Amino acid sequence: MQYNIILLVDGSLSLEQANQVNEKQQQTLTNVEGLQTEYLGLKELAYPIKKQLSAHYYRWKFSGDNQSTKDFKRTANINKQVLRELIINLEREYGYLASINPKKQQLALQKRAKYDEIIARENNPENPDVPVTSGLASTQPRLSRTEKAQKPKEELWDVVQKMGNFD
Amino acid sequence: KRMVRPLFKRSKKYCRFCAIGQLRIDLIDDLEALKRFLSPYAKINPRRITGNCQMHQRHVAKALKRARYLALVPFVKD
Amino acid sequence: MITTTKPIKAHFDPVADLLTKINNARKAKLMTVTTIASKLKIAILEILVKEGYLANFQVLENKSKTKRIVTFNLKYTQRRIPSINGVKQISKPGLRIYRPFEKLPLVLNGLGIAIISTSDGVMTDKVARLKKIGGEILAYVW
Amino acid sequence: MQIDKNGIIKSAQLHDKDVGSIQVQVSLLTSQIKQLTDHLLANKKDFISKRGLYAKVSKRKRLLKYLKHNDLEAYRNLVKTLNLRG
Amino acid sequence: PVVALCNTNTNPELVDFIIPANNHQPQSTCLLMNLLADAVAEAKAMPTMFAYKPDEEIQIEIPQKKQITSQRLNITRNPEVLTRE
Amino acid sequence: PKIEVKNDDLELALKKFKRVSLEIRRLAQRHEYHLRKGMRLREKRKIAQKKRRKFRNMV
RNA sequence: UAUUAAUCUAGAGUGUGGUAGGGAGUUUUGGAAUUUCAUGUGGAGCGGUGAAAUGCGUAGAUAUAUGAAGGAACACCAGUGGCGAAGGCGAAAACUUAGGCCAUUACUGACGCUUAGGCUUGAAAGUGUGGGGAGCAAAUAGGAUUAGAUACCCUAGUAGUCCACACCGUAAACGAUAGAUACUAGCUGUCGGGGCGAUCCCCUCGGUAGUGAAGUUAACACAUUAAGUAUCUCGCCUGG
Ligand SMILES: [Mg+2]
Ligand SMILES: [Mg+2]
Ligand SMILES: [Mg+2]
Ligand SMILES: [Mg+2]
Ligand SMILES: [Mg+2]
Ligand SMILES: [Mg+2]
Ligand SMILES: [Mg+2]
Ligand SMILES: [Mg+2]
Ligand SMILES: [Mg+2]
Ligand SMILES: [Mg+2]
Ligand SMILES: [Zn+2]
């Protein structure tokens, strides 16, 4: 399956916390594919969990069966630093089928590209952008809609009998 | 510091993610974006201020509450 | 030829289906209606247009010959008031009405028509009286 | 876990592209029944699953009644393979 | 035989000789009422003012106070009927 | 409810602090007496509708 | 019409493809806030009310700062909203799991609606056993008010409210409107899928609202989500 752990470890020193992450990696994950890891860095977290105002941030993007969670979830408390850990199963996050759908991905690219052109014009280098058109409504309809409009399945019928048809 | 811009539109602004068609929210991909939707007093702004649609507002709320648990954002002023 | 765009559905009881369609079209001043075609419904429409309450009733078939729908229109005058005044079905499903010839009803003292299907399909009350044979009573139409 | 529907359909199919007959639904239904009895026995407080389990059992019973009324011989064939009676 | 200039919001039954036209434009409205007045003037032997006339004498101006806007807005003065408890 | 005084003037700070306190006082008075879930939901819907109708005409 | 022998897909299902959800159960995790305790500063009231008085306080209260323990519920988000057959569902995560919407050149080929009896679920209070108990509070005690106060106010306060397993099966369990099917003006919102491709907006298919004519009603009112035109099935009513 595809899970995503976000580990939190104390801010002692980078290499030894990396070793802790490696230990936490090879011990658990009963059955697993490649466990690619990142390193978001040291950040000063808002609320001092355990009176701790620092932490190394790691992110794991592994994938595997549902059994990969139980030992890790238990090993975490049985572990050292591991202030927090969240296994965000991305097959249940708020929007995953659309993210896998190819057309929506390609559709998102043109909007990214197209939206960026508008923002540029608004914030022109120095010449005044009189339109300041962004949030406001657009011009006439998107002719492509009128052109590419669907055709309902128009069932064709054939005549058989008649009598008195004013027609 | 000072408010970015006024409601140049109608009495409402516009859902950002809908124009960009972002379609997906990850807390370490648009983290700085989510602090905008959050009010200065560490409180989730309502629709009138945040400007997103119900889905993106609901999506951002779940992500922000998830971020609150990962200890990356404040929880209240005082 | 005649094309459509909307799906055509019908109730399971073929007499009151038509009656509901007819009454609603009459009340709403509507002209073109559609329903699924059955031989009983086709036959009852055959006797109505000879007696003169509706103008045309057209049944069509698909290119595969598996489904048919009959589309009839009502006879409105110039001032837009119909010829049908009220329709009421007697032998509803569950309770089927069987009257002999001697007890054949007369609808609105003969002004209206009573639909009776004795043995050779539907037949108006007067011609049923002429043949001195009775049977199933479908609906009252006036 | 979600039963590999493809394999059960491929096993219970009378002929290809027959992915919507009566036999494949009841074969699928028995698999859904097996999974749901396990899940409900484990939990014992999930009542929506109990409603679904009862509904699936009733649908299977009604489907088997139809296939018994028409072509009873194939009903005998289906019951001995599926072992659903008892 | 009351005649009227329906403007999309009228019941056709009440009127007899319906004359499909506008009613919100101070130019269309003015032209049509005078046209009916013209039928009266013509029979009254008075020289006509707009009927059976060429282009140059029909020209009229648009009253004050791009194109003219015959749009109905002012929707905000129709909230929900005062209720609540 | 952090508000900086800015040390340029005093009044303006209390003009913003009044706002912070009114929204604060709303929840403070909300959490003083215990109501049933039905009455609490009813009062929540009531406040939103009151604010809505006023906002409908505020324009 | 019923019976029998067969054909068909439009009813209803299945699969593939899109897809929205506080749907449910099990196991973990988190922060505000209250209470108690521990440690400092401090020095006379605090508390409560219509006004007060019980009550707490030089044994140092209230307050302020830090820490620890424990139980219960999950601000903002939060709605001219979503889900479920109903009761109901709103901190975060995992596992298991239910139903639903849209498009189907696919498949079975009437397999469908209702349902006496039967089974399942079913707010809160209540019961039995064993835990738990921070806050609140039936019963109870005191102080007020009062002609009297077994009440409204205040200070205390047990069961209970919480958990596990067993029962109880009642509610204004309400949309005071049983379910299913076909048809019947329109307008304004809002939500989902699909089509176009910055939003916004247009169209299609559905869910949830407001206004509104024919139509219905004793009237209020309902009005495409009917209380309208009709059918099937079940339940129920016959003066107080
Ligand atoms: Mg038939
Ligand atoms: Mg403290
Ligand atoms: Mg209880
Ligand atoms: Mg006493
Ligand atoms: Mg007390
Ligand atoms: Mg007791
Ligand atoms: Mg009752
Ligand atoms: Mg209720
Ligand atoms: Mg109304
Ligand atoms: Mg009596
Ligand atoms: Zn949005």
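Residues numbered from 1 in each chain as written, not as in the entry; some residues may be left out. Chains lettered and ligands numbered in written order. Part of a larger assembly, values for the part shown. Heavy atoms only, no water.

Per the PDB entry, chain C goes by 30S ribosomal protein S8 and derives from Mycoplasmoides pneumoniae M129. As recorded in the PDB, the entry bears the title "Mycoplasma pneumoniae di-ribosome in chloramphenicol-treated cells (following 70S)". We quote the UniProt Function comment for chain C here in full: "One of the primary rRNA binding proteins, it binds directly to 16S rRNA central domain where it helps coordinate assembly of the platform of the 30S subunit." Within the UniProt record for chain C, the comment given under Sequence similarities is "Belongs to the universal ribosomal protein uS8 family." (UniProt positions renumbered as here; feature names shortened; annotations may be inferred.)

If you check the PDB entry, chain B appears there as 30S ribosomal protein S18 from Mycoplasmoides pneumoniae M129. Recorded in UniProt under Subunit, the annotation for chain B is "Part of the 30S ribosomal subunit. Forms a tight heterodimer with protein bS6."

Residue and element names in this part refer to chain C. Ordered by their spatial adjacency, 4 strands build an open sheet running β5-β8-β6-β7, and the pairing between neighbours is antiparallel. The open sheet terminates on both sides in strands that have one partner only, identified here as β5 (87-89) and β7 (122-124). Taking the axes of each pair of neighbouring strands and ignoring which way they run, one obtains an average angle of 25° across the sheet. In this structure, strand β6 (residues 113-117) lies alongside β7, joined through 3 bridges in antiparallel fashion. Paired with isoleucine 115 across the bridge in β7 is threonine 124. (Pairing = 2+ DSSP bridges. Helix = DSSP H or I, 4+ residues; strand = E, 2+ residues; numbered from the N terminus. Axes fitted to C-alpha atoms, helices over the stretch in contact; angles between N-to-C directions.)

The next subject is the packing of aromatic side chains. All names here are of chain A. Within the structure shown, the criterion is met by 5 aromatic pairs over all chains. Relative to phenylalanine 72, the ring of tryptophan 60 lies with its centre 6.2 Å away and its plane at 50°, an arrangement referred to as tilted. Of this pair, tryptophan 60 sits in strand β3 (residues 56-60) while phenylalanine 72 sits in helix α2 (residues 70-78), and the two are 12 residues apart along the sequence. Residue classification places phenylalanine 72 among the buried residues on the basis of a relative accessible area of 2%. (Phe/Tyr/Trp six-rings, centres within 6.5 Å; stacked < 30°, edge-to-face > 60°. Buried < 20%, exposed > 50% of the residue type's maximum accessible area, 1.4 Å probe, protein only.)

Packed helices, taken two at a time, are described by the angle their axes make and the gap between the axes. All names here are of chain D. It is at 9 Å that the axes of helix α1 (residues 5-12) and helix α2 (residues 22-43) come closest, and there the two elements cross at 135°. As summarised for this structure, α1 and α2 are arranged oblique, according to the angle between their axes. Classified by chirality, the crossing of α2 by α1 is right-handed. Packed against α1, whose contacting residues are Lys5, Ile8, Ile9 and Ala12, the element α2 presents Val24, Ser27, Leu28 and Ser31 at the interface. In the contact of α1 with α2, the residues fall into 5 nonpolar, 2 polar and 1 charged. (Parallel < 35°, antiparallel > 145°, perpendicular 65-115°, else oblique. Left-handed = near helix turned anticlockwise from the far one by under 90°. Contact = heavy atoms within 4.5 Å. Nonpolar A, V, L, I, M, F, W, Y, C, P; charged D, E, K, R; others polar.)

Here the focus is the protein's contact with RNA strand G. Lining the immediate surroundings of RNA strand G are 104 residues, of which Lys103 and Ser134 of chain A, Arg66 of chain B, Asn24 of chain C together with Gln25 of chain D lie closest. A share of 70% is what sugar and phosphate atoms reach among the atoms of RNA strand G within 4 Å of the protein. A distance of 3.1 Å separates a phosphate oxygen of RNA strand G from a polar atom in the side chain of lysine 92 of chain C. Across the surface near RNA strand G, the residue classes tally to 37 nonpolar, 26 polar and 41 charged. (Near = heavy atom within 4 Å. Polar contact = N/O pair within 3.5 Å; in protein donor to acceptor, adjacent residues only side chain to side chain.)

What follows covers the sheet that holds strand β4 (residues 85-87) of chain A. All names here are of chain A. With respect to topology, 4 strands assemble into an open sheet ordered β2-β3-β1-β4, the strand pairing being antiparallel. Every interior strand has two partners, whereas the edge strands, β2 (37-42) and β4, have only one. Direction aside, neighbouring strands of the sheet carry axes that sit 15° apart on average. Where β2 and β3 come together, 5 bridges link them in antiparallel fashion. For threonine 37, the partnering residue across the bridge sits in β3 and is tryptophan 60.

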